[PDB]
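Below is upload-v8.txt, which holds compact mmCIF, C-alpha atoms and all ligand atoms.
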# COMPACT_ATOMS: atom_id res chain seq x y z
CA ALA A 29 -283.71 187.49 -98.01
CA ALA A 30 -282.97 191.14 -98.76
CA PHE A 31 -279.66 191.27 -96.88
CA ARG A 32 -278.50 188.22 -98.84
CA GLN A 33 -279.09 189.98 -102.16
CA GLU A 34 -277.08 192.99 -100.96
CA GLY A 35 -274.38 190.57 -99.82
CA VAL A 36 -274.38 189.00 -103.27
CA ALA A 37 -274.17 192.46 -104.85
CA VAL A 38 -271.19 193.64 -102.80
CA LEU A 39 -269.41 190.32 -103.31
CA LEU A 40 -269.74 190.62 -107.08
CA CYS A 41 -268.34 194.15 -106.88
CA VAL A 42 -265.27 192.83 -105.05
CA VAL A 43 -264.88 190.03 -107.60
CA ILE A 44 -265.18 192.45 -110.52
CA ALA A 45 -262.75 194.91 -108.94
CA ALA A 46 -260.33 192.03 -108.35
CA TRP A 47 -260.89 190.82 -111.91
CA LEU A 48 -260.06 194.22 -113.41
CA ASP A 49 -256.41 195.03 -114.09
CA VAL A 50 -256.27 198.16 -111.94
CA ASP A 51 -253.83 199.72 -109.47
CA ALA A 52 -254.11 199.79 -105.68
CA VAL A 53 -255.63 203.27 -105.36
CA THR A 54 -258.42 202.77 -107.91
CA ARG A 55 -259.22 199.35 -106.44
CA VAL A 56 -259.62 200.89 -102.99
CA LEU A 57 -261.93 203.59 -104.38
CA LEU A 58 -264.13 201.01 -106.11
CA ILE A 59 -264.48 198.86 -102.99
CA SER A 60 -264.81 201.68 -100.44
CA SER A 61 -267.58 203.29 -102.50
CA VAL A 62 -269.73 200.16 -102.29
CA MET A 63 -268.66 199.75 -98.66
CA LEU A 64 -270.03 203.22 -97.91
CA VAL A 65 -273.41 202.25 -99.36
CA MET A 66 -273.46 199.24 -97.02
CA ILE A 67 -272.75 201.52 -94.07
CA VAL A 68 -275.48 204.02 -94.98
CA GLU A 69 -278.01 201.25 -95.65
CA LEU A 70 -277.29 199.73 -92.24
CA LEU A 71 -277.64 203.07 -90.46
CA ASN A 72 -280.86 203.78 -92.35
CA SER A 73 -282.23 200.39 -91.33
CA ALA A 74 -281.32 201.29 -87.76
CA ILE A 75 -283.40 204.45 -88.12
CA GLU A 76 -286.45 202.59 -89.42
CA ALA A 77 -285.97 200.05 -86.63
CA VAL A 78 -286.18 202.78 -83.99
CA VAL A 79 -289.13 204.46 -85.71
CA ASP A 80 -291.15 201.24 -85.82
CA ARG A 81 -290.36 200.72 -82.13
CA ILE A 82 -291.40 204.20 -81.00
CA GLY A 83 -294.59 204.84 -82.94
CA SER A 84 -297.48 202.40 -83.12
CA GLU A 85 -299.45 204.69 -85.43
CA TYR A 86 -298.56 207.07 -88.27
CA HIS A 87 -296.82 210.37 -87.55
CA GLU A 88 -295.30 213.16 -89.65
CA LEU A 89 -291.88 213.08 -87.98
CA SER A 90 -291.78 209.29 -88.37
CA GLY A 91 -292.23 209.45 -92.13
CA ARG A 92 -289.79 212.35 -92.24
CA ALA A 93 -287.05 210.29 -90.59
CA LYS A 94 -287.58 207.44 -93.05
CA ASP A 95 -287.54 209.74 -96.08
CA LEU A 96 -284.34 211.45 -94.95
CA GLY A 97 -282.68 208.10 -94.32
CA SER A 98 -283.76 206.77 -97.70
CA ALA A 99 -282.47 209.98 -99.27
CA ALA A 100 -279.05 209.44 -97.71
CA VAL A 101 -278.96 205.94 -99.20
CA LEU A 102 -279.86 207.33 -102.63
CA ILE A 103 -277.07 209.92 -102.45
CA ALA A 104 -274.70 207.11 -101.46
CA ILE A 105 -275.74 204.94 -104.42
CA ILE A 106 -275.33 207.86 -106.81
CA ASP A 107 -271.88 208.56 -105.36
CA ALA A 108 -270.89 204.94 -105.96
CA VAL A 109 -272.15 205.02 -109.55
CA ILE A 110 -270.27 208.23 -110.35
CA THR A 111 -267.13 206.77 -108.77
CA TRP A 112 -267.27 203.54 -110.77
CA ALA A 113 -268.17 205.37 -113.99
CA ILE A 114 -265.32 207.88 -113.72
CA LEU A 115 -262.67 205.28 -112.87
CA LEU A 116 -263.76 202.77 -115.51
CA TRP A 117 -263.86 205.48 -118.18
CA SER A 118 -260.30 206.33 -117.16
CA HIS A 119 -259.00 202.76 -117.15
CA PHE A 120 -260.46 202.02 -120.58
CA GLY A 121 -259.45 205.48 -121.75
CA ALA B 23 -290.79 214.94 -100.15
CA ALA B 24 -291.53 217.97 -97.97
CA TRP B 25 -287.92 218.12 -96.79
CA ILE B 26 -286.78 219.80 -99.99
CA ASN B 27 -288.68 223.04 -99.27
CA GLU B 28 -286.47 224.22 -96.40
CA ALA B 29 -283.93 227.04 -96.08
CA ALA B 30 -281.40 224.81 -94.30
CA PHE B 31 -281.45 222.04 -96.91
CA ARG B 32 -281.36 224.51 -99.81
CA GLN B 33 -278.15 226.09 -98.50
CA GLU B 34 -276.48 222.79 -97.65
CA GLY B 35 -277.80 221.32 -100.89
CA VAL B 36 -276.38 223.99 -103.18
CA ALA B 37 -273.05 224.13 -101.35
CA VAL B 38 -272.48 220.47 -102.17
CA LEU B 39 -274.07 220.74 -105.62
CA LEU B 40 -271.80 223.61 -106.65
CA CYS B 41 -268.71 221.71 -105.51
CA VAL B 42 -269.75 218.74 -107.65
CA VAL B 43 -270.24 220.96 -110.70
CA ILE B 44 -266.92 222.70 -110.07
CA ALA B 45 -265.13 219.37 -109.57
CA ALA B 46 -266.69 218.08 -112.79
CA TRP B 47 -265.14 221.00 -114.67
CA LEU B 48 -261.74 221.04 -112.97
CA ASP B 49 -258.79 219.81 -115.03
CA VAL B 50 -257.57 216.96 -112.82
CA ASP B 51 -257.07 213.20 -113.01
CA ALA B 52 -259.84 210.66 -112.41
CA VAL B 53 -258.93 209.61 -108.86
CA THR B 54 -258.68 213.28 -107.88
CA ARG B 55 -262.11 214.10 -109.31
CA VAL B 56 -263.59 211.09 -107.51
CA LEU B 57 -262.22 212.25 -104.15
CA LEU B 58 -263.42 215.81 -104.74
CA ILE B 59 -266.93 214.46 -105.31
CA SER B 60 -266.98 211.68 -102.70
CA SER B 61 -265.89 214.15 -100.00
CA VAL B 62 -268.73 216.64 -100.48
CA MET B 63 -271.21 213.84 -101.16
CA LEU B 64 -270.28 212.29 -97.81
CA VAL B 65 -271.07 215.59 -96.09
CA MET B 66 -274.55 215.57 -97.61
CA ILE B 67 -275.09 211.95 -96.54
CA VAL B 68 -274.10 212.67 -92.94
CA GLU B 69 -276.29 215.78 -92.88
CA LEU B 70 -279.25 213.68 -94.05
CA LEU B 71 -278.55 211.00 -91.44
CA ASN B 72 -278.18 213.67 -88.76
CA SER B 73 -281.47 215.23 -89.85
CA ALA B 74 -283.08 211.80 -89.53
CA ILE B 75 -281.80 211.47 -85.96
CA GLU B 76 -283.28 214.81 -84.92
CA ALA B 77 -286.57 213.84 -86.58
CA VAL B 78 -286.72 210.66 -84.51
CA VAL B 79 -285.89 212.58 -81.32
CA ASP B 80 -288.61 215.18 -81.89
CA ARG B 81 -291.00 212.32 -82.66
CA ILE B 82 -290.48 210.96 -79.14
CA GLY B 83 -291.73 214.03 -77.28
CA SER B 84 -291.41 217.72 -76.46
CA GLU B 85 -290.21 217.12 -72.90
CA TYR B 86 -286.42 217.38 -72.72
CA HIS B 87 -284.21 214.44 -71.78
CA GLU B 88 -280.42 214.29 -71.41
CA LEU B 89 -280.12 211.53 -74.02
CA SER B 90 -282.19 213.64 -76.42
CA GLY B 91 -279.67 216.48 -76.33
CA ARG B 92 -276.82 213.98 -76.46
CA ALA B 93 -278.24 212.43 -79.63
CA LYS B 94 -278.34 215.79 -81.41
CA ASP B 95 -274.85 216.77 -80.24
CA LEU B 96 -273.31 213.48 -81.40
CA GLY B 97 -275.10 213.89 -84.72
CA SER B 98 -273.78 217.42 -85.18
CA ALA B 99 -270.31 216.16 -84.26
CA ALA B 100 -270.41 213.65 -87.12
CA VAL B 101 -271.45 216.44 -89.49
CA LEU B 102 -268.57 218.60 -88.27
CA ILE B 103 -266.03 215.81 -88.83
CA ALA B 104 -267.48 215.22 -92.30
CA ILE B 105 -267.03 218.88 -93.23
CA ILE B 106 -263.47 218.90 -91.87
CA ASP B 107 -262.75 215.78 -93.93
CA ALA B 108 -264.16 217.55 -96.99
CA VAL B 109 -262.10 220.72 -96.48
CA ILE B 110 -258.86 218.80 -95.87
CA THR B 111 -259.55 216.67 -98.95
CA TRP B 112 -260.05 219.64 -101.27
CA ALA B 113 -257.15 221.50 -99.63
CA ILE B 114 -254.58 218.76 -100.26
CA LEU B 115 -255.71 217.90 -103.79
CA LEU B 116 -256.22 221.41 -105.18
CA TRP B 117 -252.93 222.62 -103.69
CA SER B 118 -251.14 220.80 -106.51
CA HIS B 119 -253.39 222.15 -109.28
CA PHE B 120 -253.37 225.68 -107.86
CA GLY B 121 -249.60 225.63 -107.41
CA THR C 4 -277.06 236.73 -89.51
CA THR C 5 -278.95 233.44 -89.77
CA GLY C 6 -276.17 231.81 -91.79
CA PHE C 7 -273.46 232.85 -89.34
CA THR C 8 -275.40 231.95 -86.19
CA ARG C 9 -276.03 228.43 -87.49
CA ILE C 10 -272.31 227.77 -87.97
CA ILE C 11 -271.52 228.96 -84.44
CA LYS C 12 -274.44 227.09 -82.88
CA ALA C 13 -273.62 223.86 -84.73
CA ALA C 14 -269.99 224.25 -83.66
CA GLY C 15 -271.21 224.55 -80.09
CA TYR C 16 -273.32 221.40 -80.36
CA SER C 17 -270.56 219.48 -82.14
CA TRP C 18 -267.94 220.40 -79.54
CA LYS C 19 -270.42 219.58 -76.77
CA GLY C 20 -270.95 216.16 -78.32
CA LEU C 21 -267.26 215.48 -78.90
CA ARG C 22 -266.64 216.47 -75.29
CA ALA C 23 -269.41 214.26 -73.90
CA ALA C 24 -268.32 211.25 -75.97
CA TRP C 25 -264.76 211.77 -74.75
CA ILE C 26 -265.83 211.97 -71.11
CA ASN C 27 -268.20 208.99 -71.09
CA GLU C 28 -266.16 206.23 -72.74
CA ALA C 29 -262.53 205.14 -72.48
CA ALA C 30 -262.73 203.08 -75.67
CA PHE C 31 -263.82 206.23 -77.50
CA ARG C 32 -260.85 208.18 -76.15
CA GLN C 33 -258.42 205.50 -77.30
CA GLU C 34 -260.21 205.35 -80.65
CA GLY C 35 -259.77 209.09 -81.09
CA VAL C 36 -256.09 208.68 -80.26
CA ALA C 37 -255.71 205.96 -82.89
CA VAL C 38 -257.37 208.24 -85.43
CA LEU C 39 -255.27 211.29 -84.52
CA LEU C 40 -252.09 209.23 -84.82
CA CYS C 41 -253.19 208.01 -88.25
CA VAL C 42 -253.82 211.59 -89.40
CA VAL C 43 -250.38 212.75 -88.25
CA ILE C 44 -248.59 209.73 -89.74
CA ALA C 45 -250.34 210.10 -93.10
CA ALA C 46 -249.43 213.80 -93.13
CA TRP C 47 -245.75 213.07 -92.46
CA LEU C 48 -245.77 210.02 -94.74
CA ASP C 49 -243.87 210.33 -98.02
CA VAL C 50 -246.74 209.57 -100.40
CA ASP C 51 -248.66 211.38 -103.13
CA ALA C 52 -251.77 213.51 -102.57
CA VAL C 53 -254.34 210.84 -103.44
CA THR C 54 -252.90 208.23 -101.06
CA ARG C 55 -252.59 210.80 -98.28
CA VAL C 56 -256.28 211.64 -98.63
CA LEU C 57 -257.34 207.97 -98.72
CA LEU C 58 -255.43 207.19 -95.52
CA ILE C 59 -257.12 210.17 -93.90
CA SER C 60 -260.58 209.61 -95.41
CA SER C 61 -260.53 206.06 -94.02
CA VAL C 62 -260.02 206.92 -90.35
CA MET C 63 -262.23 210.01 -90.62
CA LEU C 64 -265.11 207.81 -91.80
CA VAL C 65 -264.53 205.55 -88.79
CA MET C 66 -265.13 208.42 -86.37
CA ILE C 67 -268.20 209.60 -88.28
CA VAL C 68 -269.91 206.20 -88.15
CA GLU C 69 -268.84 205.90 -84.51
CA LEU C 70 -270.49 209.21 -83.62
CA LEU C 71 -273.57 208.35 -85.68
CA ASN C 72 -273.91 204.93 -84.07
CA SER C 73 -273.50 206.55 -80.66
CA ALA C 74 -276.34 208.87 -81.65
CA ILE C 75 -278.51 205.84 -82.42
CA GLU C 76 -277.76 204.30 -79.02
CA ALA C 77 -278.68 207.59 -77.34
CA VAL C 78 -282.13 207.49 -78.94
CA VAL C 79 -282.57 203.78 -78.19
CA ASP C 80 -281.69 204.25 -74.52
CA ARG C 81 -283.98 207.30 -74.46
CA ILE C 82 -286.97 205.05 -75.18
CA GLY C 83 -288.44 203.61 -71.99
CA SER C 84 -289.28 199.91 -72.10
CA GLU C 85 -288.22 196.64 -70.47
CA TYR C 86 -287.03 195.00 -73.68
CA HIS C 87 -287.86 195.27 -77.38
CA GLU C 88 -286.67 193.40 -80.48
CA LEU C 89 -286.07 196.60 -82.45
CA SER C 90 -284.05 197.93 -79.52
CA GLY C 91 -281.35 195.31 -79.98
CA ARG C 92 -281.84 195.34 -83.74
CA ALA C 93 -281.12 199.06 -84.03
CA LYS C 94 -277.88 198.73 -82.08
CA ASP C 95 -277.00 195.57 -84.01
CA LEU C 96 -277.25 197.39 -87.33
CA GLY C 97 -275.34 200.36 -85.95
CA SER C 98 -272.55 198.21 -84.53
CA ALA C 99 -272.37 196.42 -87.87
CA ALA C 100 -271.76 199.72 -89.66
CA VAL C 101 -269.02 200.54 -87.15
CA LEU C 102 -267.12 197.28 -87.62
CA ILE C 103 -267.44 197.60 -91.40
CA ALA C 104 -266.03 201.14 -91.30
CA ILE C 105 -263.09 200.05 -89.14
CA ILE C 106 -262.22 196.96 -91.19
CA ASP C 107 -262.45 198.91 -94.45
CA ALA C 108 -260.03 201.46 -93.00
CA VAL C 109 -257.57 198.79 -91.83
CA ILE C 110 -257.65 197.07 -95.23
CA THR C 111 -257.20 200.42 -96.98
CA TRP C 112 -254.13 201.23 -94.88
CA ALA C 113 -252.91 197.67 -95.42
CA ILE C 114 -253.23 197.76 -99.21
CA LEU C 115 -251.87 201.30 -99.59
CA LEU C 116 -248.81 200.86 -97.37
CA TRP C 117 -248.04 197.46 -98.89
CA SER C 118 -248.11 199.06 -102.34
CA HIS C 119 -245.89 201.88 -101.07
CA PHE C 120 -243.51 199.51 -99.26
CA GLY C 121 -243.06 202.14 -96.56
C1 LIG A 201 -273.49 207.84 -119.18
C2 LIG A 201 -274.23 207.70 -117.87
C3 LIG A 201 -273.58 206.65 -116.98
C4 LIG A 201 -274.20 206.65 -115.59
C5 LIG A 201 -273.94 207.97 -114.87
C6 LIG A 201 -272.44 208.18 -114.68
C7 LIG A 201 -272.13 209.63 -114.30
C8 LIG A 201 -270.63 209.81 -114.27
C9 LIG A 201 -270.09 211.02 -114.23
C10 LIG A 201 -270.97 212.25 -114.22
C11 LIG A 201 -270.15 213.48 -114.61
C12 LIG A 201 -269.12 213.85 -113.55
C13 LIG A 201 -267.70 213.55 -114.00
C14 LIG A 201 -267.54 213.67 -115.51
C15 LIG A 201 -266.24 214.36 -115.84
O1 LIG A 201 -266.12 215.57 -115.67
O2 LIG A 201 -265.11 213.62 -116.37
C16 LIG A 201 -265.01 212.21 -116.20
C17 LIG A 201 -263.75 211.70 -116.88
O3 LIG A 201 -262.70 212.67 -116.70
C18 LIG A 201 -263.33 210.37 -116.27
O4 LIG A 201 -262.13 209.91 -116.91
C1 LIG A 202 -257.87 215.51 -88.10
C2 LIG A 202 -258.62 215.04 -86.87
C3 LIG A 202 -260.12 215.07 -87.10
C4 LIG A 202 -260.88 214.51 -85.90
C5 LIG A 202 -260.55 213.04 -85.67
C6 LIG A 202 -261.44 212.43 -84.59
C7 LIG A 202 -261.25 213.14 -83.26
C8 LIG A 202 -262.30 212.66 -82.28
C9 LIG A 202 -262.30 213.11 -81.02
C10 LIG A 202 -261.25 214.10 -80.58
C11 LIG A 202 -261.59 214.63 -79.19
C12 LIG A 202 -263.00 215.22 -79.17
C13 LIG A 202 -263.08 216.40 -78.20
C14 LIG A 202 -262.61 216.02 -76.81
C15 LIG A 202 -261.61 217.05 -76.35
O1 LIG A 202 -260.73 217.43 -77.10
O2 LIG A 202 -261.66 217.61 -75.00
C16 LIG A 202 -262.32 216.92 -73.94
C17 LIG A 202 -261.94 217.59 -72.62
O3 LIG A 202 -262.49 218.91 -72.58
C18 LIG A 202 -262.48 216.78 -71.45
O4 LIG A 202 -261.90 215.47 -71.47
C1 LIG A 203 -251.72 216.55 -83.67
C2 LIG A 203 -253.09 217.06 -83.26
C3 LIG A 203 -253.25 218.53 -83.63
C4 LIG A 203 -254.68 218.99 -83.36
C5 LIG A 203 -255.67 218.18 -84.19
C6 LIG A 203 -257.09 218.33 -83.65
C7 LIG A 203 -257.14 217.96 -82.17
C8 LIG A 203 -258.55 218.17 -81.65
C9 LIG A 203 -258.74 218.46 -80.36
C10 LIG A 203 -257.55 218.57 -79.43
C11 LIG A 203 -257.62 219.90 -78.69
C12 LIG A 203 -258.81 219.96 -77.73
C13 LIG A 203 -258.37 219.54 -76.33
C14 LIG A 203 -259.25 220.16 -75.25
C15 LIG A 203 -259.08 221.66 -75.25
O1 LIG A 203 -258.03 222.17 -75.61
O2 LIG A 203 -260.18 222.52 -74.85
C16 LIG A 203 -260.37 222.82 -73.47
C17 LIG A 203 -261.83 223.15 -73.18
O3 LIG A 203 -261.92 223.81 -71.91
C18 LIG A 203 -262.40 224.06 -74.26
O4 LIG A 203 -263.82 224.16 -74.08
As structure tokens, please, write out the structure in this file.
Amino acid sequence: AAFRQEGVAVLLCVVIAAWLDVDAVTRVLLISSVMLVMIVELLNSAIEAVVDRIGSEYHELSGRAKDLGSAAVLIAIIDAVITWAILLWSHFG
Amino acid sequence: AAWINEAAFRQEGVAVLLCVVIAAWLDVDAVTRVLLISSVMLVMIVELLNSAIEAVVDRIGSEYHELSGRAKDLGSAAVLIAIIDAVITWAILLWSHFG
Amino acid sequence: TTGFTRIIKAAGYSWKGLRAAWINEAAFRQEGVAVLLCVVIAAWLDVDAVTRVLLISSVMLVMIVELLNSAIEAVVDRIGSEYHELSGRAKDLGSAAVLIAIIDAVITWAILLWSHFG
């Protein structure tokens, strides 16, 4: 369901990066950026998995852990966007 | 959320934020600017993940357990490695621009 | 004061964690060796600054995810129960992030060295 859509997303990114006439270095940066997002999203899901296992009811530290994990994912997404934007502006510069 | 109003996250937050601003103004090529950003961004990501770990641990209980201390130590280790990676990154790249 | 004591304390925790992870597992020790070799090779390698960083950044990320996944397992094992679905799920997601980080590093080294022909 959700993991499939992310799998579709990252596959398209690889296809696009392969479709673009770019060098080895820039191609690595494009891929690795999206790869990092995958890593953070998986680790964040691991956090939420532990949280939902520990607590049966609501707790402050439980919501804190989820917010911090979701924040890390956001920072990762932003980092990927900035990376793609900078490189593409350079290639078509 | 309520995480933003903390002395620890303000200091770590501005340290990374300043580096991004500086890197955005530095006169270097694209791939260099990307690495300057991605390095300090990675540090922030690891710090947020590490902070999430500690939050989960404290959620468990106040009574100490060996795995509880191990979880925090391993988390701090990842943060350390991330900072080292950031320093080395900026050191190698800026050494050319600095001369 | 507070800023200096946090750096020292975090350095103490980090070194205590790196020590514990090195003592407990043999696979971790060999992994650290593989990383250290990669760092030295990339430093002595005749490539430009950007490639040198990428080779380093790859293996450094591997260790970070490894330590973070090991932190997850520590919390999971901390929890006391016979068996839970989210117990295996948490480690499954963590192990997935580890294998992704390793593969991405291997491919990076593969592509970069193949383009350098060295
Ligand atoms: C127009 C908004 C697109 C979506 C957001 C993309 C943000 C990208 C970059 C933010 C500024 C940081 C880097 C900008 C800069 O200093 O130079 C970039 C340029 O040298 C690349 O060739
Ligand atoms: C440029 C290298 C950055 C770090 C790469 C990853 C290194 C990971 C682990 C290195 C060893 C961790 C600390 C273990 C150690 O040195 O001593 C353990 C010893 O006291 C008992 O066996
Ligand atoms: C080519 C490698 C150069 C050094 C790169 C970083 C290596 C990191 C750790 C290796 C040194 C730590 C080994 C253990 C050690 O010396 O400490 C002994 C321990 O009693 C201190 O608490």
**Report entry** Point (-280.4, 204.6, -81.1) neighbourhood (9 Å, all atoms listed in the file) written as an NGL selection string
**Finding:** (:A and (74-75 or 78)) or (:B and (75 or 93)) or (:C and (72-82 or 90 or 93-94 or 97))
With 4 Å of padding per side, what axis-aligned box (centre and edge lengths, Å, one decimal) covers all the listed atoms of region 57-62 of chain B? Give it as lines of an AutoDock Vina configuration file.
center_x = -265.5
center_y = 214.2
center_z = -102.7
size_x = 14.5
size_y = 13.0
size_z = 13.3
Requested in this report: Select all residues from chain A having any atom no more than 7 Å from an atom of chain B (counting all atoms listed in the file, ignoring ligands), output as a VMD selection string.
Outcome: chain A and resid 54 79 89 to 90 92 to 93 96 to 97 100 103 to 104 107 111 114 to 115 118
Requested in this report: Taking all atoms listed in the file into account, report as a ChimeraX atom specification which residues have an atom no farther than 6 Å from an atom of ligand LIG 202 (chain A).
Outcome: /C:21-22,25-26,35,38-39,42,66
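Within 8 Å of residue 71 (chain C), once all atoms listed in the file are used and residues closer than 6 positions along the same chain are dropped, the contacting residues are residues 72, 96, 97 and 100 of chain B.
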C-alpha atoms of the current selection, written as a compact mmCIF listing (two decimals), in the frame of the given file:
# COMPACT_ATOMS: atom_id res chain seq x y z
CA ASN B 72 -278.18 213.67 -88.76
CA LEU B 96 -273.31 213.48 -81.40
CA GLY B 97 -275.10 213.89 -84.72
CA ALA B 100 -270.41 213.65 -87.12
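Between CA of residue 100 (chain C) and CA of residue 70 (chain A) the interatomic distance comes to 6.1 Å.
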Scan for residues within 10 Å of the point (-266.1, 200.4, -86.4) in the coordinates of the file, using only C-alpha atoms, and reply as a PDB file with C-alpha atoms, in the coordinates of the input.
ATOM      1  CA  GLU C  34    -260.210 205.350 -80.650  1.00  0.00           C
ATOM      2  CA  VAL C  62    -260.020 206.920 -90.350  1.00  0.00           C
ATOM      3  CA  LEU C  64    -265.110 207.810 -91.800  1.00  0.00           C
ATOM      4  CA  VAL C  65    -264.530 205.550 -88.790  1.00  0.00           C
ATOM      5  CA  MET C  66    -265.130 208.420 -86.370  1.00  0.00           C
ATOM      6  CA  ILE C  67    -268.200 209.600 -88.280  1.00  0.00           C
ATOM      7  CA  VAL C  68    -269.910 206.200 -88.150  1.00  0.00           C
ATOM      8  CA  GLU C  69    -268.840 205.900 -84.510  1.00  0.00           C
ATOM      9  CA  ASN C  72    -273.910 204.930 -84.070  1.00  0.00           C
ATOM     10  CA  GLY C  97    -275.340 200.360 -85.950  1.00  0.00           C
ATOM     11  CA  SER C  98    -272.550 198.210 -84.530  1.00  0.00           C
ATOM     12  CA  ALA C  99    -272.370 196.420 -87.870  1.00  0.00           C
ATOM     13  CA  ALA C 100    -271.760 199.720 -89.660  1.00  0.00           C
ATOM     14  CA  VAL C 101    -269.020 200.540 -87.150  1.00  0.00           C
ATOM     15  CA  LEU C 102    -267.120 197.280 -87.620  1.00  0.00           C
ATOM     16  CA  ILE C 103    -267.440 197.600 -91.400  1.00  0.00           C
ATOM     17  CA  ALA C 104    -266.030 201.140 -91.300  1.00  0.00           C
ATOM     18  CA  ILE C 105    -263.090 200.050 -89.140  1.00  0.00           C
ATOM     19  CA  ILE C 106    -262.220 196.960 -91.190  1.00  0.00           C
ATOM     20  CA  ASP C 107    -262.450 198.910 -94.450  1.00  0.00           C
ATOM     21  CA  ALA C 108    -260.030 201.460 -93.000  1.00  0.00           C
TER      22      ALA C 108
END
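Using all atoms listed in the file, the nearest neighbour of ligand LIG 203 (chain A) within the list C:37, C:85, C:28, C:54 is C:37.
The interatomic distance for the pair CA of residue 12 (chain C) and atom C17 of ligand LIG 203 (chain A) works out to 16.4 Å.
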Report task. May I ask which of the residues C:45, C:4, C:36, C:52 is the closest one to chain B, counting only C-alpha atoms? Result -> C:52
Query - Residue hits in chain B, query chain C, radius 7 Å, only C-alpha atoms, as an MDAnalysis selection string - result: chainID B and resid 54 79 89:90 92:93 95:100 102:104 107 111 114:115
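Of the residues under consideration (A:55, A:87, A:81, A:32), A:81 shows the shortest atom-to-atom contact distance to chain C when counting only C-alpha atoms.
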Could N, CA and C atoms be built for region 103-120 of chain A and written out as a compact mmCIF listing (two decimals), keeping the file's coordinate frame?
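Below is the file that was written, rebuild.txt:
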# COMPACT_ATOMS: atom_id res chain seq x y z
N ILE A 103 -278.27 209.11 -102.22
CA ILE A 103 -277.07 209.92 -102.45
C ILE A 103 -275.82 209.04 -102.45
N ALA A 104 -275.81 208.04 -101.56
CA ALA A 104 -274.70 207.11 -101.46
C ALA A 104 -274.58 206.25 -102.72
N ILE A 105 -275.71 205.75 -103.21
CA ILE A 105 -275.74 204.94 -104.42
C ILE A 105 -275.24 205.74 -105.62
N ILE A 106 -275.75 206.96 -105.74
CA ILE A 106 -275.33 207.86 -106.81
C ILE A 106 -273.82 208.10 -106.76
N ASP A 107 -273.31 208.33 -105.56
CA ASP A 107 -271.88 208.56 -105.36
C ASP A 107 -271.05 207.36 -105.81
N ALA A 108 -271.58 206.16 -105.56
CA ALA A 108 -270.89 204.94 -105.96
C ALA A 108 -270.89 204.77 -107.47
N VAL A 109 -272.02 205.11 -108.10
CA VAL A 109 -272.15 205.02 -109.55
C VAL A 109 -271.19 205.97 -110.25
N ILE A 110 -271.17 207.22 -109.80
CA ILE A 110 -270.27 208.23 -110.35
C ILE A 110 -268.82 207.80 -110.20
N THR A 111 -268.48 207.25 -109.04
CA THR A 111 -267.13 206.77 -108.77
C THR A 111 -266.71 205.68 -109.75
N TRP A 112 -267.54 204.65 -109.86
CA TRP A 112 -267.27 203.54 -110.77
C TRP A 112 -267.20 204.00 -112.22
N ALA A 113 -268.12 204.87 -112.62
CA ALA A 113 -268.17 205.37 -113.99
C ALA A 113 -266.91 206.15 -114.36
N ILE A 114 -266.50 207.06 -113.48
CA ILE A 114 -265.32 207.88 -113.72
C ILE A 114 -264.04 207.04 -113.83
N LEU A 115 -263.86 206.12 -112.90
CA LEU A 115 -262.67 205.28 -112.87
C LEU A 115 -262.59 204.32 -114.06
N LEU A 116 -263.72 203.71 -114.40
CA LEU A 116 -263.76 202.77 -115.51
C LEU A 116 -263.55 203.47 -116.85
N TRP A 117 -264.08 204.68 -116.98
CA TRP A 117 -263.86 205.48 -118.18
C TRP A 117 -262.39 205.85 -118.32
N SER A 118 -261.72 205.98 -117.18
CA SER A 118 -260.30 206.33 -117.16
C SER A 118 -259.43 205.13 -117.50
N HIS A 119 -259.77 203.98 -116.93
CA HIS A 119 -259.00 202.76 -117.15
C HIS A 119 -259.08 202.31 -118.61
N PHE A 120 -260.27 202.39 -119.19
CA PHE A 120 -260.46 202.02 -120.58
C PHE A 120 -260.35 203.24 -121.49
